[PDB]
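S.K.: Pasting the sequence and an experimental structure:
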Amino acid sequence: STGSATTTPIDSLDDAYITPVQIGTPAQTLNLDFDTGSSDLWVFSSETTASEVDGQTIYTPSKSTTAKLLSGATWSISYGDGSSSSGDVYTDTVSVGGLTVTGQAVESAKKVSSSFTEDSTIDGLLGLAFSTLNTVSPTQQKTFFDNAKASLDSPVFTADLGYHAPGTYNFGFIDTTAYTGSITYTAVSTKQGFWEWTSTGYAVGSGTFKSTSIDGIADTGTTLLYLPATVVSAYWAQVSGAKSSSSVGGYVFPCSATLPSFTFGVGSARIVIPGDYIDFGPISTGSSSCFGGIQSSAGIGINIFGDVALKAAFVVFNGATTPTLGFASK
């Protein structure tokens, strides 16, 4: 089997991407944030504190003939941006782009933090990291990908995110028409539960490539590119007027600037992030100070290849016995 679903930016800055997901019988379609940096499939629901729902579509298990309470199971998760959610658990039928899993753990939110409430376009998350990070207790649950894996033509999914445009998540096959040149595969460590890999270096604009190992995670659920302070300083040094602002919370730059590209290494291959991808616009409405899309990972504890990086590539998440990551230009 295979599946194929279109993923769409939630706003004009590509802050996140939503993908339609069918849950239950008859289908209830929710727009979820596919997140390769976590492993919980959770939704706004009929159980979510009413004051914490503001425009989201909710899952109502009592209206699904295939929903069953997973008795005694609870979940609670915190993300790297400080947001959080928690609740209880149902199993139900979940379909993505034509691909169906029966008995999928659907984590029903009782509580969500303000960041989730305020984002009316995101109805929940669908985690695609390794199931060892799943927060359901006392019985840990599997991701949609893990459950689907044995039914797939190939044990893979691919992320093809657009710049200010729709893209695609595919399950079970590699669309050879969706990328240019060859796919370069690189080793993955699952030791921390992430799609963790090592980049072979970077370049700023038309500058020379610096060979240096950068350990990080491929995370579709993170907006920006978070790299070591040395790397990020070298990038923003090439932008007149750019500076790190503690009041704003990162590097800012004059909105009048033209940003240089940023290249990262995948083995002997290179992925180029155009300068425009690194522009996240005015820090506040009408400001002439703009927020940078490359930021320091110092104090995160991990480097994160978020959407800024991933949308410049066609990315293969290979969940074979020995997992790997593949990157192609497109």
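M.R.: Ah, there it is. Residues are numbered from 1 along each chain as shown.

S.K.: and residue 279, bridged to which residues?
M.R.: For residue 279, the beta-bridge partners under DSSP bridges are residue 292.

S.K.: Could I get the contacting residues of it?
M.R.: By Cβ atoms under 8 Å, 6 or more residues apart in numbering, residue 279 lies in contact with 259, 290, 292, 293. Heads up, the C-betas are built off the backbone N, CA and C, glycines and all.

S.K.: quick one: contacts for the closest residue to the first one other than its chain neighbours?
M.R.: Spatially, and ignoring its direct neighbours in sequence, residue 259 is nearest to residue 275 (3.4 Å; Cβ to Cβ, 6 or more residues apart in numbering). Taking Cβ under 8 Å, 6+ apart as the contact definition, residue 275 lies against 205, 258, 259, 260, 261, 262.

S.K.: what two of those residues have the greatest distance between them?
M.R.: 258 and 262 (13.6 Å; Cβ to Cβ).

S.K.: So these two - more neighbours on which side?
M.R.: Each of residue 258 and residue 262 has its neighbours counted (other Cβ atoms under 10 Å); residue 262 has more, 29 against 9.

S.K.: Span of stretch 311-325 from start to end?
M.R.: Terminal residues of stretch 311-325 are spaced 15 Å apart (Cα to Cα, to the nearest Å).

S.K.: and what of stretch 177-194?
M.R.: Span of stretch 177-194 from end to end, Cα to Cα: 28 Å.

S.K.: Run through who's touching it.
M.R.: By Cβ under 8 Å, 6+ apart, stretch 177-194 touches 37, 39, 129-130, 132-133, 158, 160, 168, 174, 195-198, 217-219, 266-269, 302, 313-314, 316, 318, 323-330.

S.K.: and those, which are buried?
M.R.: 37, 39, 129-130, 133, 158, 160, 168, 174, 195-198, 217-219, 266, 269, 313-314, 316, 318, 323-330 (16 or more other Cβ atoms under 10 Å).

S.K.: Kindly report the domain assignment for this protein.
M.R.: 5-174, 175-330 (curated CATH domains).

S.K.: Return the distance of the residue nearest to residue 259 relative to residue 204.
M.R.: 10 Å (Cβ to Cβ, to the nearest Å).

S.K.: repeat for residue 154
M.R.: From residue 154 to residue 204 the distance is 36 Å (Cβ to Cβ).

S.K.: Between these two, which is the more surrounded one?
M.R.: Neighbour count, other Cβ under 10 Å: between residue 154 and residue 204, residue 204 has more, with 20 against 15.

S.K.: Return the residues in contact with the more buried one.
M.R.: 234, 235, 238, 260, 261, 262, 263.

S.K.: what's near enough to touch the fifth one?
M.R.: Applying Cβ under 8 Å, 6+ apart, one finds that residue 261 lies in contact with 204, 205, 272, 273, 274, 275.
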